[PDB]
Amino acid sequence: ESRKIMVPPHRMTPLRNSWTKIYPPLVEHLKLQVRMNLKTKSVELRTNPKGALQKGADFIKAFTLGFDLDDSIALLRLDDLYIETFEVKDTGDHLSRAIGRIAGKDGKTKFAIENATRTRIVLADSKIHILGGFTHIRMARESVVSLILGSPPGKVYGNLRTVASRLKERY
Amino acid sequence: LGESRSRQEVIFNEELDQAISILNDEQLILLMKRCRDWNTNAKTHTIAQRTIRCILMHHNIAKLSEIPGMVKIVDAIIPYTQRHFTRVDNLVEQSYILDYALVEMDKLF
Amino acid sequence: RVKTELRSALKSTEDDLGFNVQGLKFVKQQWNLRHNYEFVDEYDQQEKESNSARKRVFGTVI
Amino acid sequence: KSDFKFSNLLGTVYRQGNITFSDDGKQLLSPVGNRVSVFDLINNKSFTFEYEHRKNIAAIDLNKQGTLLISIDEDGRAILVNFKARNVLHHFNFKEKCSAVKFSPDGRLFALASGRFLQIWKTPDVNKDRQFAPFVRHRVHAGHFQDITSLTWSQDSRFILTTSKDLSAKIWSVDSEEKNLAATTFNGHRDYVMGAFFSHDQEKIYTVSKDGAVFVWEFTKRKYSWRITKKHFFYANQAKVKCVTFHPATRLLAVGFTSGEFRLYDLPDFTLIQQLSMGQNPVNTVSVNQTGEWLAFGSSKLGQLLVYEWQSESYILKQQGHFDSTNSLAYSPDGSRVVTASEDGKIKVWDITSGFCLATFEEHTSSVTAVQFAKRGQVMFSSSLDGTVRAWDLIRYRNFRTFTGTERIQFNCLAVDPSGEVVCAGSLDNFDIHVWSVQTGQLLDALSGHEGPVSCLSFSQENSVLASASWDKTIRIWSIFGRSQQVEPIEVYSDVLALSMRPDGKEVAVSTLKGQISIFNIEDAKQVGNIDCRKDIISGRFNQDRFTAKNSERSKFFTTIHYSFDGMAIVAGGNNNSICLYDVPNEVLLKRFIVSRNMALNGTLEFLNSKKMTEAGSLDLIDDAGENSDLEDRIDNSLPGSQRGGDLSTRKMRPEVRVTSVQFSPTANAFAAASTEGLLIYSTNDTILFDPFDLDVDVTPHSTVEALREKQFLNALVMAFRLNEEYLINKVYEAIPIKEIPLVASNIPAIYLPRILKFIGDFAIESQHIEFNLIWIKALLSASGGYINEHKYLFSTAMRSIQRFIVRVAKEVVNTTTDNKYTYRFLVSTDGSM
Amino acid sequence: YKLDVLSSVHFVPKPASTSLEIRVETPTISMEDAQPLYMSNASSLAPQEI
Amino acid sequence: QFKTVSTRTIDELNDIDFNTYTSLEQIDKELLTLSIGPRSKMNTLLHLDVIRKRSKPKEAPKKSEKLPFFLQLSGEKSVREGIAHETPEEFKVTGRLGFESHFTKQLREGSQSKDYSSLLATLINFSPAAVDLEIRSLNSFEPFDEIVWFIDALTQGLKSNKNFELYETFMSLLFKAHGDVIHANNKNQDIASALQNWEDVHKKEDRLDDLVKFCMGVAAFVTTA
């Protein structure tokens, strides 16, 4: 029993140079066997005779999606971690500057929402992936959807301050 | 306002509050400058409150916020409206000695 | 009769008093969330509000 | 009436010992001096245990069932308390200074570090009856060479890991069969080992010492025999570790130093999560929640208590009390909070139910001598030794007025007008009374005529006549208002301290230095009657003095007295450890309360143990301060002839026990006494003490519920009033329907009127049935509100408790629904377009 | 300080100081101690001070 | 002295035998009744921003830099009962059907069944940070369903005359959080009708107002004069 994760040709060279830190938790912590098909540009994970294949698939799928090495190891460990993918889909007007509104100047809005909601976000052209806990993904996604659908920067930043406080608060 | 209290959504005569509806930014900002300084009394405050009321219900609230100068006025005369609200609420709570006198006058027989 | 008409007049004036309180603080609050500033960090936020507060100086006795 | 019990201990959130949380960490248990306070932090309330150690307590633990507590004092007298019944189960004397006590996680054993022996006893049941000897010893291990500083149980209650002053730490199995798994000792520290903890899986052992090293011990090979794998250091140079704890589940090491700084680390990687400071005094206690989210720190020098959540960097509470330095108290005009004027120069406003301080005020640069409320809880006046009276708005929290004289004197007592135009204050070095207007700030008058220091001032609350009384053995009555300038001097037998004034202003009760409380008619200036109180005063013997408690003249008089609000009783306290209350018609002692049994305070024992009196001096006047482990308490910086200065380190004697102010509650049948241990709050409660009112043989709970089931509602209500049983009154009260509240409330007899009013008050403060309680209040005030007005002082504490319900829960709810109505009308009536 | 404590705080006070205090405006919630409750939710400046 | 004994006669209404009376939950359905809980929960909800701003330390604590980013989630194995440690149970809106929260799922199911009793039970259950964090995230963007479901859930709530100070603060928290979008698409039919029937039930709350006005005025007159 096996899984195949297709590595796109824009995350291929980081996979090869950081490959030597990717396969050791895949081959001794997880006890899988791992091959990298250079023909199909894919990663194959097979099970030996001696429920972790989905964990390894999510590990390399996070790296495939665009999350860094330590972020992917954080997904491989830390059972309470999830990752949500969505396109914008809500062109000059709407597509070419809603993503500029998520980013901001030097990505400071994305950095602010990452630190406020304790997720971390990779923003493609229009493909947003979010790695966090369940409630953390909920709040980061609600704020990202907010500032692609139109909200004032004061409103989204006040909501970010409030969500940081209430997510870290007991009671 | 006194004749509006006399006869009988609308708080002045309707031609007057549409005439206060159709006035521009400079006129409404000076109108609220002097509604601000009328509101500092306990006597002249009601005229100011009803002019603020008809401005609020006949203009656009986002427009009222975006007029430059109308955030140093409304900060100045929110707490006056708060103390007048507490004073009129205290007056209407001490208004029920009439009701206590009625129930004593009914227990008289 | 005095009780009914007097309390009707007093509740009629405090109705528009309360209306104006909530409307004016809505106006101020939507101006604030339109263009107040951008601080997510609470310490820099509280120092920004302390620098932008209203100050008044009073003559005290020690 | 007279059946007061010790309810609460306001002030002093922490004195000495370890903080504990509950298991479901809602309450925290804090060692105040010899009591234990328990503060419920979610249900915002608080209580203090009634029992009392004879010295300051040093160790606290309660098992994680929450069902029983054990508290050990600073020479090993343990007390086991039932935590739910609030009654003490056993008194057990361990013979020497126990450093720590801990229950097991499975509750069934406890262990304690008595000297250099770790002794494990097994816990008696809460369901079993009290025996002569309930504790059955499991074992006592002796492997340390010096005193043990800490215990730690493992997660399974299987091993115990103890840390000593001797530079090691040891692990002991509980039972004998696992003796080979746990026989190692952990050396390598340069100083006292302050803590030794397991990891979550019990594979790593962390040992933290006083000099600042934490060692990670692992069962590895260099066979397998507990190597040390990494030493981490705090590198705090001058400061050193005072308290350590570890939450093993969240891997959180919390460490407090002797400089106020505490750091909290994520331990096996040793990454500083946070570092911040309580203050400048050392952190004596760190304790952690069961989920590891709250950290409670206690510093013992200023008596302060933090609980702090480290995720959301925020203080759940940051409180600080006052040991021994509290000059005055004043109830708020509804009995919800008490204002405390304290000798370090500050005002503190303590909530009574939740035992915490809401606001504090530091604008006096010296010891605040008196506080007094005015303008019905809106303004509060205080006078201090720095020469100033000053006024405090309790809305905007601003000192808006400051009154000085012209002569540079220090003020010792004050009195305000009822109609608060004028404040008045008297000194102990000036013989005048200073009369200031409050509206303007000026000095309106200086009343003269005493030939001795004006000890006490009070304005009559009804006719507004001023009564001052001074050490020239004279009470004096000044008619200030309206063209009189009239003075009436009443002489009395000895020099007066603590005048007090009736609520109707008819009479004045003075306390004298003879030991008596004399009561005078004001208008016809002749004595109505006196109480002779100097023979029902408990005056203890100090350690330093060479004269018996019988022949002493130190404290056989009352320096503070206060009327009850029906005018019928006087509570009184002084520089002695008895507070006494009397009923002024009969001039007889109702009840006397022993305010402390702490032998760490001075004037507690009347008879001192003759074993402690040696061939040269007593053994408690010997200062063993250089036998101390570090310099900051080997230091003696106590300048010699200092009495009642500040900074308890600067006085060299034991703190004497004394009550500095007594006051009755304006709303509910209690009194507060400002002792040295804190604000002792004594209150009755009607749940216990069957005290009927003219019942006959046919008046019975069975008869009351038959009358309720047969729906004679008025007869059921008056049967429950004649029972005077709180559950029965509540049952009938809730069973009467809304249709006939006014018929019952109009047909209530006039002798049961204060009972139903004070019941409705003490019920409706916390009950949820807000419209039901307001219907009953409306029906009672409408049906019988003329009897109340012509009998004011009977319903003077039952009506103040009712308008403690209307303005404090019902008006807050009405404010919320009013704001919702007006925001609705705005949000739908106006124009939002773009 | 130590002369007052030695004198057992019977002293004669400092003469007079008409000082000068600046108070910013803020909620009196924020002007309080750290505890779960509060006592007053006003603003520290009067309407005639704003 | 440690337990309570039954005053029931030996020879040779269990609350009345044990001398207690557990106060019943509400006396009549036409009577307003607060929550069975602390009185301070209303004030904590209404002002929890300024209370926490008070509760912050005066300067920022000294952390490290090589601190793990998922420190709140990286526990071990006394379990945390917050809104952050909440797992989903068991095709793109703000919350998919695999990633629906418990509050949003119960709100939707109550919008199906027209009975929000379980929603209101969850609301009265959880803590003020959780309440603010659930009300502040309520899909105020394209068709406005979750706002209007919350509003007529509060309508069904304060029709029942229980927990009503909490339902009042939940409406205040709604108007505070995103009453600006309700003011924005004012005259929208669904949200205007939801506010209309909320006012239809809420306008019968002045019983409490003139009841406390009578009690305050007459109590003051009787005590002073």
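Residues numbered from 1 in each chain as written, not as in the entry; some residues may be left out. Chains lettered and ligands numbered in written order. Part of a larger assembly, values for the part shown. Heavy atoms only, no water.

*Asks:* Teacher, can you tell me more about the nonpolar core here?
*Replies:* Side chains of a nonpolar character, in soluble globular proteins, are inclined to be buried together. Residue and element names in this part refer to chain F. Of all hydrophobic cores here, the largest spans 95 residues; its most connected members are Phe150, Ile151, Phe170 and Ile182. The biggest single contributor to this core is helix α8 (residues 164–184), with nine residues. Residues contacting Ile182, with those up to four places away along its chain left out, are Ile147, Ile151, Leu174, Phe175, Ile191 and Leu195. (Core = buried A, V, L, I, M, F, W, Y, C linked by side-chain atoms within 4.5 Å. Buried < 20%, exposed > 50% of the residue type's maximum accessible area, 1.4 Å probe, protein only. Helix = DSSP H or I, 4+ residues; strand = E, 2+ residues; numbered from the N terminus. Contact = heavy atoms within 4.5 Å.)

*Asks:* Whenever I open this one, the interface of chain E and chain D confuses me. Can you help?
*Replies:* In many reports, interface size means the accessible area that the parts give up when they come together. Residue-level contacts link 31 residues of chain E with 40 residues of chain D. Summing both partners gives a buried area of about 2,800 Å² for chain E against chain D, and 53% of it is carried by carbon and sulfur. Counting across the interface, chain E meets chain D through one salt bridge. Put simply, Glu49 of chain E and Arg398 of chain D hold a salt bridge, and the shortest N to O gap is 2.7 Å. At the junction of chain E with chain D, the criterion picks out 15 residue pairs in polar contact. Going through the elements one at a time, α1 (2–6) and β1 (21–24) of chain E are the ones with two or more residues in the side of chain E that touches chain D. Looking at the side of chain E that touches chain D, the element that brings in the most residues is α1 of chain E, giving three residues. Here the side of chain E that touches chain D is built from residues that sort into 17 nonpolar, seven polar and seven charged. (Buried area = accessible area lost by both parts, 1.4 Å probe. Salt bridge = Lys/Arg side-chain N within 4 Å of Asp/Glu carboxyl O. Polar contact = N/O pair within 3.5 Å; in protein donor to acceptor, adjacent residues only side chain to side chain. Nonpolar A, V, L, I, M, F, W, Y, C, P; charged D, E, K, R; others polar.)

*Asks:* When you look at the environment of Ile409 of chain D in this model, what are you seeing that I'm missing?
*Replies:* Structurally, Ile409 of chain D can be placed in the loop between β36 (399–403) and β37 (411–416). In this structure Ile409 of chain D comes out as buried when scored by relative accessible area, which is 7%. In sequence terms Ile409 of chain D and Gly426 of chain D are 17 residues apart; their C-alpha atoms lie 9.6 Å from each other. The contacts of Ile409 of chain D, once residues within four sequence positions are left out, are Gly387, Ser427, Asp429, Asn430 and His434 of chain D together with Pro13 of chain E.

*Asks:* For this particular structure, what's the right way to read the pattern of salt bridges?
*Replies:* Pairs may arise between side chains of opposite charge once their charged atoms sit close together. Inspection of the entire model under this criterion finds 58 salt bridges over all chains. Measuring nitrogen to oxygen at the nearest pair gives 3.5 Å for the salt bridge that ties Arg534 of chain D to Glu553 of chain D. With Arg534 of chain D in the loop between β48 (527–532) and β49 (560–563) and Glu553 of chain D in the loop between β48 and β49, this pair connects stretches of sequence that are 19 residues apart. Given a relative accessible area of 29%, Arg534 of chain D falls into the partly exposed group. The exposure class assigned to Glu553 of chain D is exposed, which follows from its relative accessible area of 59%. The network of salt bridges with shared partners includes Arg166 and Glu169 of chain A, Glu309 of chain D together with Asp49, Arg52, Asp132 and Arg136 of chain F.

*Asks:* Please clarify how the interface of chain F and chain D should be interpreted in this entry.
*Replies:* Taken together, the contact between chain F and chain D spans 76 residues of the former and 81 residues of the latter. A combined buried area of about 7,000 Å² lies between chain F and chain D, and 61% of that area is made up of carbon and sulfur atoms. Sorting the residues of chain F by area buried against chain D places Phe2, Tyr21 and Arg80 of chain F first, and these three jointly supply 10% of that buried surface. Taking the shortest distance from any N to any O, the salt bridge between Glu309 of chain D and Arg52 of chain F comes out at 3.0 Å.

*Asks:* I keep staring at the packing of aromatic side chains and nothing clicks. Help me out?
*Replies:* In this description, an aromatic ring pair is defined by two values, namely the gap between the centres and the angle between the planes. On inspection of all chains with the given rule, the structure shows 59 aromatic pairs over all chains. Cation over ring: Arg11 of chain A sits above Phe63 of chain A, and NZ or CZ is 4.6 Å from the ring centre. (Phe/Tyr/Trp six-rings, centres within 6.5 Å; stacked < 30°, edge-to-face > 60°. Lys NZ or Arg CZ within 6 Å of the ring centre and 35° of its normal.)

*Asks:* Any chance you could explain the side chain of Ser199 of chain D here in plain terms?
*Replies:* Its place among the elements puts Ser199 of chain D in the loop between β17 (193–198) and β18 (205–209). For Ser199 of chain D, the contacting residues outside a window of four places in its chain are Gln155, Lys204, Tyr206, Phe246 and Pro248 of chain D.

*Asks:* What am I meant to see in the arrangement of the chains here?
*Replies:* Among the 13 pairs of chains in contact, the pair with the most contacts is chains D and F. Taking C-alpha atoms as the reference, chain A and chain B come no closer than 13 Å and do not contact one another. Spatially, chain A is disjoint from chain E: no contact exists, and the shortest C-alpha separation is 12 Å.

*Asks:* Before we go on, may I ask you to explain helix α6 (residues 79–93) of chain B in this structure?
*Replies:* One full turn of an α-helix is made of 3.6 residues, so residues set three or four places apart face in the same direction. With 15 residues, α6 of chain B ought to run about 21 Å at 1.5 Å a step, and its terminal C-alpha atoms sit 21 Å apart, in line with that. Inspection of α6 of chain B places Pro79, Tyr80, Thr81, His84, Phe85, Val88, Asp89, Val92 and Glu93 of chain B among the buried residues, and these make up the whole buried set. Where α6 of chain B is buried, its residues contact α4 (45–58) of chain B, α1 (2–35) of chain C, α9 (803–829) of chain D together with α10 (206–224) of chain F. (Expected span 1.5 Å × (residues − 1).)

*Asks:* Looking at this structure, I do not really get the pairing of strand β19 (residues 213–218) of chain D. What am I missing?
*Replies:* In summary, the side chains of a regular strand alternate between the two faces of the sheet. Residue and element names in this part refer to chain D. Buried residues dominate β19, accounting for five of its six residues. Sheet topology places β18 next to β19; four bridges connect them, and they run antiparallel. Counterpart to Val208 in the pairing with β19 is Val214. (Pairing = 2+ DSSP bridges.)

*Asks:* How do you make sense of the sheet that holds strand β24 (residues 271–277) of chain D when you look at a structure like this?
*Replies:* Where strands meet in a sheet, backbone hydrogen bonds hold them as pairs that are either parallel or antiparallel. All names here are of chain D. One open sheet holds the four strands; their spatial order is β21-β22-β23-β24, and the pairing between them is antiparallel. Sheet topology places β21 (241–247) and β24 at the edges, where each strand pairs with a single neighbour. Across the sheet, the axes of successive neighbouring strands diverge by a mean angle of 15°, strand direction being ignored. Both β21 and strand β22 (residues 252–257) contribute to a ladder of six bridges, which runs antiparallel. Within the sheet, the bridge partner assigned to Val244 lies in β22 and is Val255. (Axes fitted to C-alpha atoms, helices over the stretch in contact; angles between N-to-C directions.)

*Asks:* Sorry, what's going on with the side chain of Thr109 of chain A here?
*Replies:* All names here are of chain A. Looking at where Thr109 falls in the secondary structure, it is placed in helix α6 (residues 108–117). Residue class for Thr109 comes out buried when judged on its relative accessible area of 7%. Other than its neighbours up to four places away in sequence, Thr109 contacts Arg101, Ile102, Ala103, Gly104, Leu147 and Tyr157.

*Asks:* How should the pairing of strand β44 (residues 486–491) of chain D be read in this particular structure?
*Replies:* Residue and element names in this part refer to chain D. Relative to β44, strand β43 (residues 474–479) runs antiparallel, the two being bridged by six bridges. Bridge assignment links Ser479 to a residue of β44, and that residue is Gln486. Count of turn residues in the β43/β44 antiparallel hairpin: six residues, of which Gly482 carries a positive phi of about 70°.

*Asks:* Hey, could you run me through unusual backbone geometry in this one?
*Replies:* Outside of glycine, negative phi angles account for most residues, and trans bonds account for most peptide bonds. Unlike most non-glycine residues, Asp694 of chain D shows phi in positive territory, near 35°. You can call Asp694 of chain D partly exposed: its relative accessible area is 47%. A positive phi angle, near 65°, is found at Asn161 of chain F, a position not held by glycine. Summarising the element assignment, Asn161 of chain F is placed in the loop between α7 (146–158) and α8. For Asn161 of chain F, a relative accessible area of 9% gives the class buried.

*Asks:* Would you take a moment to explain helix α4 (residues 726–735) of chain D for this structure?
*Replies:* A large share of α4 of chain D lies buried, amounting to seven of its 10 residues. The set of residues buried in α4 of chain D consists of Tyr727, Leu728, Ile729, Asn730, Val732, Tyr733 and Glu734 of chain D. Buried residues along α4 of chain D sit against α2 (701–709), α3 (713–723), α6 (753–764) and α7 (770–783) of chain D together with α1 (14–17) of chain F.

*Asks:* Mind showing me how you'd approach the sheet that holds strand β16 (residues 169–173) of chain D here?
*Replies:* All names here are of chain D. One open sheet accounts for three strands, arranged β14-β15-β16; its pairing is antiparallel. With one partner strand each, in any of the chains shown, β14 (148–150) and β16 form the two edges of the open sheet. Averaged over all adjacent pairs, the angle separating strand axes in this sheet is 40°, with direction ignored. Examined bridge by bridge, β14 and strand β15 (residues 159–164) share two bridges and lie antiparallel to one another. Looking at β15, one finds that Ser150 is bridged to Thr163.

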